[PDB]
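For reference, the structure is listed below as structure tokens.
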Amino acid sequence: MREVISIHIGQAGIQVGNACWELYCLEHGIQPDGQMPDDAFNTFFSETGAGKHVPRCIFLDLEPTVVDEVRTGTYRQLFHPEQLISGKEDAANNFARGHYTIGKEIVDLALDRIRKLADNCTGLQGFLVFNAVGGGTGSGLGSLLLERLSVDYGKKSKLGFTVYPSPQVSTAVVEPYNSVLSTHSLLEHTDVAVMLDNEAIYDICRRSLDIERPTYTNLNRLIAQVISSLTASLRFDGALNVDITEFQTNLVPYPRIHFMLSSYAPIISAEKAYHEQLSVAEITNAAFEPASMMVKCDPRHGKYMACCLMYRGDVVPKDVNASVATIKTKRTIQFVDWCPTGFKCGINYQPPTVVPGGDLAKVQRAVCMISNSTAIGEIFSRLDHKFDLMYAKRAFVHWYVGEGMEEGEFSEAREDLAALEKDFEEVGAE
Amino acid sequence: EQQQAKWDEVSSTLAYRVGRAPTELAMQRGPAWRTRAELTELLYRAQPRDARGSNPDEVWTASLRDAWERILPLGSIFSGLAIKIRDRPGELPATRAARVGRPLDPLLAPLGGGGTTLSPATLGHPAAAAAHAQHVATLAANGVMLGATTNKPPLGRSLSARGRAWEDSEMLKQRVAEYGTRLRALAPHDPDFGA
Amino acid sequence: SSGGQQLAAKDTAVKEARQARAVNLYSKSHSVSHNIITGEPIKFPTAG
Amino acid sequence: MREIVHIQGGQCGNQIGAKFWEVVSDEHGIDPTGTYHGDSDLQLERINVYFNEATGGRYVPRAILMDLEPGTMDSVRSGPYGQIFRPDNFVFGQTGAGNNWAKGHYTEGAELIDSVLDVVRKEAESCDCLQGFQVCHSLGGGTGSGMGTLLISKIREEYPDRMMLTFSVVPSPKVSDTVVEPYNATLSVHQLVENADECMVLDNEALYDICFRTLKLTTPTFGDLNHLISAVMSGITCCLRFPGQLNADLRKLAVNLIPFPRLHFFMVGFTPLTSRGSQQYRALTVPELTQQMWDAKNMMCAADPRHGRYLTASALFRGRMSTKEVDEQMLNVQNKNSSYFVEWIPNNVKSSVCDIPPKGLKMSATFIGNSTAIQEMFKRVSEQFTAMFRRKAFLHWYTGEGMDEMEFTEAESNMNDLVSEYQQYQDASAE
Amino acid sequence: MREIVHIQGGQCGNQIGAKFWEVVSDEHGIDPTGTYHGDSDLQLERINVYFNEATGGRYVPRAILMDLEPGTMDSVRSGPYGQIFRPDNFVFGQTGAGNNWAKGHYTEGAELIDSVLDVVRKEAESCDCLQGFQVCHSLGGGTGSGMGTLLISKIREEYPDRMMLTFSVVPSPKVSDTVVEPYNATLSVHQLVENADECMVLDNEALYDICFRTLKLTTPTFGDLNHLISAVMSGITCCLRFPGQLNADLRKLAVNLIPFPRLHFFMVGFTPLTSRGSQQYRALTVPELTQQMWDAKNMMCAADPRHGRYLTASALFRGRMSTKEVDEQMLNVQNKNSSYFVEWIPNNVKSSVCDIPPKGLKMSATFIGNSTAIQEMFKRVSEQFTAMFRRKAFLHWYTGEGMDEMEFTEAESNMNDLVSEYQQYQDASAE
Ligand SMILES: Nc1nc2c(ncn2[C@@H]2O[C@H](COP(=O)(O)OP(=O)(O)OP(=O)(O)O)[C@@H](O)[C@H]2O)c(=O)[nH]1
Ligand SMILES: Nc1nc2c(ncn2[C@@H]2O[C@H](COP(=O)(O)OP(=O)(O)O)[C@@H](O)[C@H]2O)c(=O)[nH]1
Ligand SMILES: Nc1nc2c(ncn2[C@@H]2O[C@H](COP(=O)(O)OP(=O)(O)O)[C@@H](O)[C@H]2O)c(=O)[nH]1
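Chains as they are written, first to last, in my numbering: chain W, 66 to 495; chain Y, 2 to 196; chain P, 59 to 106; chain E, 67 to 497; chain S, 67 to 497.
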């Protein structure tokens, strides 16, 4: 009834969707077969006459391997076969390939299934698009689909949980190129874009989870827990319910500035669990710690503009107010002069469910801090030099040109990220 | 009046401090949001029923007796509370019937009040997009490669400044062309908020 | 017919589930055992 | 036979109204199924003020619940006292106002307001004589504040002479729950000033302080704060529902409190609020109730009375009490604190006495203070609104819902006019 | 002792009649074996209106079932009350009319019509006194429309003075079932205007809406629609069957409803039609019944009364009720909605009261409205008929059954004249 349509594009999108849907199935009690032994699942699942609940999700990818892993995995009887959409040729880390030549038919079929899915929803709170800025499928096809949704669906709230490349560590070479292109695209389509960095989540797993060998499964589990914390107010009741439509108005000062840091707390393994108090004040301070940011961007360089806190579990409103008042009186945390309030608290009575086989511990309290802060322009500043350093020699440019792209598009994307730099500088300024 | 004057002062100071034009500003992007909202509402209202959704209930039960209202219960009979959708297909509700443009805004004068400009040639920023594209084409024809040196940072013109705002989408043009007759039926004329 | 009996059984089950959710909501809303004003024990209203 | 139509707006308003209806149903001996089980004649004597007779012995609250999102009143229906309400009185949308006053007043509330007024008219016309309407909601929220202001405007237009009572949860000073609280509050204060006849100001942080100092709770949820607010809500009208030695209806309280039409904002408080530890140690007496009443910590509004001066102050006492005791106590209070009381009003206390106290209390007293202290609350709201407005943070949402920019200017101007009125009467000298 | 001869035509007519007889037998306490197990004297007091006594205690309906295909009344016999009907009253042919009005009226209906009239005359002569006949069938079908109209003509010739009441299921406006529905309806309306004294227009789409919006059902089969039709068919004649404080027979209803002979087409509705959830929550009073009665959503005719003007309107209430209440409610309705009522009739409501409500219900009320709104339904049927007749599609089947193309034009002209009369009395001004 408060349905949100889930879209997962590219390898990273689909692989974080794996963890997300495992988490949602565990949270609502839905077995992998499709049915469970009120109406809290309607946000993520549509129940059929036979009792089988099918998730309102769409797995879009131009490479068949990742989707076939889902088709053969434990969740083969849960997902809809036509909802899993598989391409023939991968985008090959080419934004032009994923946005101009291969992506057209796939996105047409994607909008077909998305229209069918949205028909089965009475209301529609919005879309949750999980993709990977830094690869052709994520960048190109994701940008194309976001344009499609923005134009046709229109005023539905699209939350893009994008993963940008890390400052130093990376796995692709044209990753600055396609990242700049997809940021140029999604600056104008998504309503709230959640920033993620693999380096930051790796550091989180290394220090807090004590995982010396973090992997994509752990990263995606953490991301899934963050998104479940985001959506807990849609599916479970609690004091200070926060809505998907409430997020933007409470968090977006200006149309372009909608990129948001996400930070979960606590991140503690079972062995370290139940050994500290993990009170509301302590978990709030941990959430505001610079290291807890899921993006390699120090909050101290910038100033917070808005901070939306999602509390899950046994949280009392005086405790949230006392913790946040201590945060305001803290000297390290600095807000802009023009947003004296800058805080959007929302509590929920459902503690975060734990995935068996994971490292996260069963904690009766959880906080997801999603903050709009002017600091995040630093990551765009990094990519703005990573891009132009290669573009000066026009390396790998012919690959993008071959699939229907032009020098003007590269130049315009660089211009637009420079514009975003100036926008962050200006929101930081008095 | 005093707050208007301070808006000019604040915007001038910010533009001086940063370097971008006062029009290409975070604060002065409210009208763009309003135009986008109006466009989305009009595009949602102007759709054939298949595009609006092939829902058997929405298509038949609402349409019967031209009631156009559906009962959505919120649980069992014991809840007994439900939503009347009360949706009339092909008509804007009176609340959203109004189109709004700022006619006194000094900065919005070049566009002419914004609004809906529902004709495809009028969507977005046609003049700015044409000028930017022509300049790019002239540079390409003269062989003037851009981004020669990394120490030269980009100018930083906005999406609307370069003519790639959300209202400038090629999909927006295509879909308004598709839905044009019904879009005319809903909104016969573009208000011309400037005058 | 058996249909009416099954419908009545479903209605009773719905009532029981609603009572369970109501108990959960009351327990979560109230923080201390006694009443905050007019100090007195408080229970679920019930009386049905 | 002077009926009151209750209306609840937004999540905060709906929760507070549900707790209030639980309290009033208890006070009138109504079980959650609606049957009367009070075993007391006075409880049924004036049950028609809040309730209507159903087909059986059931009694239905004359309450109308509004929202733009279904979750809050799904929880309300599934709550302990959710089954009393007629489902036809639940007027809700599908897409909630995203804490956007513009969304709750112009775009999304405008379609729902037709059904809202239809239900309001249906409930009001059935009333024999209508004392008025009471609307519970929160400033600083989209659906709550927006629909509350819109409905208050509509009801003011339809029923000009009928009483308008509002219980608005004003945003707290230190901690702001939502970011756009100053915008929503400034927009809603503008409407309440113009339309609402009588308005109570509430602050969550003041409630936390009172419940952690006086009541000394360890983990006070919104359930306990809503219980306090509901206690005040009952105590304000108990003279209508029960016989009183010196009774006072809502209009009598309004006449005795409001000196000038726009200075109708009040800070309210309830006594005696006692911690469970010192319940046996305290002496439940009229002087004790008065001293606890006039304490600055007892006020549920953030503003403290000491900074301002009391224009007027009403106190509705409940219980078998000595009117001489009450009058002497209040005269002694005014004499001792003459600095805190306005000079040009010879008597600053409106004492009411009801013969029926709430269950468990042999005596009780609710306090309603019109003082110039609320000036500082409005001043803080203005200081936040100016800071956010100056740069237009989050203003594009209100612009995109079809609101002129000068609507904010007009709201802020009216609020500053109210502030300067309070200052002028605070420093106004006799002759 | 004023007998009514029930006749069913076509599969739709037969199923509606089966549901109606089930409902009537339940009201009179007759088990499907025909024996009386009702345990109430008023039930047997006037059972002879619809039933005849067999050798034992068995009661046989005065019903006559008509068809050209045997499967439909095979299903009727297989239905729960299939064995009460006398087997000799089943008149049915070999080849069903393929939705062909010409086949059901001229070629195949001619042979069966002799047997049909024989059974009708045999049932009518057994009657002590005959109020008349009630014929339930569906326009837009071959055997139903054709045989019904032909039998109606024959019975009108035989017994001109006796009442003829028709329950015709006019093809639905939006969603049509068969292609030739406009042809059959156009041919049948021309016959009904000339022959039928009193006619009720029913629409499956209107029944679906009443059961979707009032009854709030999920998957309403034809059985539910037939159940509502049967409830109204009972409620119209319950005055003949039960004692009433102010009784009114079919002839009285026709006299008070029909101002001019050709304007005898009515829209009908039943109250209280209630959802399961709000059964406890609804206040079951005469004003509530009237409010639900005059709602357009309660009409079983697709045409909404708001567009037209109520020429006349009868309200047959059932239950121990206040005649002052009923009369005041009717006068208040007329005064409030005077725009929707014709001016040159001082009182447009014929109120009747029966003392015995339907089983399970404390109260009920059936409404019969003669209003000019049905003009738009006939207009729409003409808008389909003219479009198809311009290109003469599917006309060859009718032409091959031996009916002139002149008959189509004459029927269309008659229907257009009826539309013109309805508009004329819609816009007629007094003096
Ligand atoms: N956090 C996280 N990131 C991932 C994961 N898998 C891939 N990524 C990131 O996603 C980026 C590329 O994503 P995709 O575009 O989907 O890769 P693809 O599916 O082969 O599609 P193309 O690269 O366009 O051909 C890589 O640079 C990785 O950094 C994952 O499991 N977790
Ligand atoms: N006393 C009390 N206050 C509440 C409750 N829920 C929310 N609030 C307060 O109400 C304020 C506004 O929320 P609200 O208007 O309901 O949001 P909306 O429903 O979207 O309009 C917030 O600042 C909360 O602090 C509650 O249950 N009790
Ligand atoms: N209300 C109702 N309508 C029916 C039922 N069965 C059929 N109809 C409708 O009646 C219309 C006419 O069909 P009908 O006259 O029975 O066919 P015929 O008997 O062969 O002439 C069809 O379009 C059906 O939609 C029923 O049981 N109830």
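All residues carry an ideal CB built from backbone N, CA and C; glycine is no exception.
Query, Result
"Touching by the beta-carbon criterion (3+ pairs, under 8 Å), the stretch 291-309 of chain S and the stretch 103-120 of chain S", "yes"
"Test item: CB-CB of residue 468 of chain E and residue 101 of chain Y under 8 Å", "yes"
"Cβ of residue 319 of chain W within 8 Å of any chain Y Cβ", "yes"
"Residue 74 of chain Y versus residue 253 of chain W - alpha carbon distance", "37 Å"
"Proximity of residue 80 of chain S and residue 161 of chain S at Cβ, strictly below 8 Å", "no"
"Touch test, the stretch 294-310 of chain W against the stretch 373-392 of chain W, Cβ-Cβ under 8 Å, three pairs minimum", "yes"
"Interface partners of residue 187 of chain Y on chain W, CB under 9 Å", "Result: empty, since nearest Cβ-Cβ is about 14 Å, beyond 9 Å."
"C-beta contact flag for residue 69 of chain W and residue 299 of chain W at 8 Å", "yes"
"Range covered by the alpha helix (DSSP H) that runs through residue 109 of chain S", "107-111"
"Cβ neighbour criterion (16 or more within 10 Å) applied to residue 159 of chain W", "buried"
"Through-space distance from residue 330 of chain W to residue 351 of chain W, alpha-carbon basis", "7 Å"
"Residue-chain proximity (residue 73 of chain Y, chain S), Cβ-Cβ < 8 Å", "no"
"Among E/450, E/448, E/441, E/449, nearest to residue 486 of chain E - alpha-carbon criterion", "E/441"
"Integer-rounded CB distance, given that residue 152 of chain W should sit under 8 Å from residue 129 of chain W", "7 Å"
"Contact list for residue 34 of chain Y against chain W, beta-carbon separation under 8 Å", "320"
"Check: residue 134 of chain W C-beta below 7 Å from any heavy atom of ligand 1", "no"
"Within 8 Å of chain Y by C-beta, residues of the stretch 335-348 of chain S in sequence order", "341, 342, 343, 344, 347"
"Cβ separation of residue 334 of chain E and residue 266 of chain E, assumed to be a contact under 8 Å, to the nearest whole Å", "5 Å"
"For residue 216 of chain W and residue 172 of chain Y, the rounded distance between their alpha carbons", "6 Å"
"C-alpha gap between residue 157 of chain E and residue 178 of chain E, whole angstroms", "7 Å"
"Sequence-distant residues of its chain with Cβ nearer than 7 Å to residue 77 of chain P (five each side left out)", "none"
"Nearest candidate by alpha-carbon position, reference residue 475 of chain S, set S/288, S/411, S/67, S/249", "S/249"
"Residue 237 of chain W: CB within 7 Å of a non-hydrogen atom of ligand 4", "The ligand content of the structure shown is limited to ligand 1, ligand 2 and ligand 3, which means ligand 4 is not among them."
"Under 8 Å between C-beta atoms of residue 360 of chain W and residue 262 of chain W", "yes"
"C-alpha distance - residue 82 of chain W paired with residue 73 of chain W, whole-angstrom precision", "6 Å"
"Every unbroken alpha helix (DSSP H) within the stretch 293-377 of chain S, with a cutoff of 4 residues, ordered by chain", "316-323, 352-359"
"Three-state class that DSSP yields for residue 443 of chain W in the structure shown", "helix"
"C-beta atoms of residue 193 of chain W and residue 125 of chain W nearer than 8 Å", "no"
"Cβ-heavy atom distance, residue 235 of chain E to ligand 2, below 7 Å", "yes"
"Own chain, CB closer than 6 Å to residue 409 of chain W, minus 5 neighbours either side, in chain order", "315, 373"
"beta-carbon residue 160 of chain E near ligand 2 non-hydrogen atom, thresh 7 Å", "no"
"Own chain, CB closer than 8 Å to residue 348 of chain S, minus 5 neighbours either side, in chain order", "338, 340, 354"
"CA-to-CA distance, residue 425 of chain W to residue 339 of chain W, given in whole angstroms", "12 Å"
"Interface partners of residue 156 of chain E on chain Y, CB under 8 Å", "82"
"Extent of the continuous beta strand (DSSP E) to which residue 133 of chain S belongs", "129-133"
"Interface partners of residue 414 of chain W on chain P, CB under 8 Å", "86"
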